[PDB]
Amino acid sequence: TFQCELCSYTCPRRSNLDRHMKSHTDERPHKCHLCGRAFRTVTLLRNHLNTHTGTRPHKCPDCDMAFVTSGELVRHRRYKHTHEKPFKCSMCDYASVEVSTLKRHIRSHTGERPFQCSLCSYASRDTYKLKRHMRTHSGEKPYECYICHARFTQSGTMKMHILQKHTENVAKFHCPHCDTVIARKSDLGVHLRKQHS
C-alpha cells in the first residue's frame, strides 16, 4: 500500500493517494469573489456558491426539504426517515446519528464539564449551554412575545408565558390533598413539598 507517510495515510487505490498529497500543505487557489474565502477544489467552491444563492440540487424524496450537498441529504434521511443511528452508547441504549451528539451524551454519564465560564465558576457540557449561560451575565433577552412585546432570556420561557397569560381555558392543576388550584405543574410540586411533606 503506497502511502504518503507524512501522516501515514494508507491508500489501496492510486488516484486517492496523489489527491491526499494535496491536502497536507496547499494554498487555496479557487477564491470566491463575493466574500473573501478561498477553497482548494472546484467542487468546494461550487458548493460554497450554492450556499450564496440557496441552490439545493439534492432534493429529499420523502419531504419538501432540499440540500446543497449529498451528505446533508443523507444525514437528514437518518434523522427524519430511516432513523438510522450508527453511533451507540456503550453504557446505555442511547444512540445518535452524529458522533458529537453521542459525545455530548457520554459527558452526562461522566459529568465532564470542559467549557468553563470566564466570569463565574459555572461550567457546561456543551458549547451552546455556555453561550445560553452568558445571558445571565449580559442581561440579553433575545426572545419577544408577539402579543404583549415582553422579552425573555430563553425561548421556552416565552412559550410558557404565552400559554399561562394569553391562552384561554387552560386546564389547571388541583392539589390531591387540599382544595387548592395551581396553574403550573412545577408550582404544584412546590406546594406538595411545602404543606404536605
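Residues carry their position along the shown sequence, with the first being 1.
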Should the higher mean CA B-factor in the entry be assigned to 9-17 or to 181-189? 9-17
Comparing average C-alpha B factors as deposited, tell me which of 160-168 and 22-30 sits higher. 22-30
Chain-wide C-alpha B factor ranking for residue 41, given as lowest, middle or highest third: highest
Entry-reported C-alpha B-factor of residue 59 relative to its chain, by third, is highest
Within this chain, which third does the Cα B-factor at residue 134 fall in: lowest, middle or highest? lowest
Looking at the entry's B-factor column for C-alpha atoms only, identify whether residue 143 ranks in the lowest, middle or highest third of its chain. middle
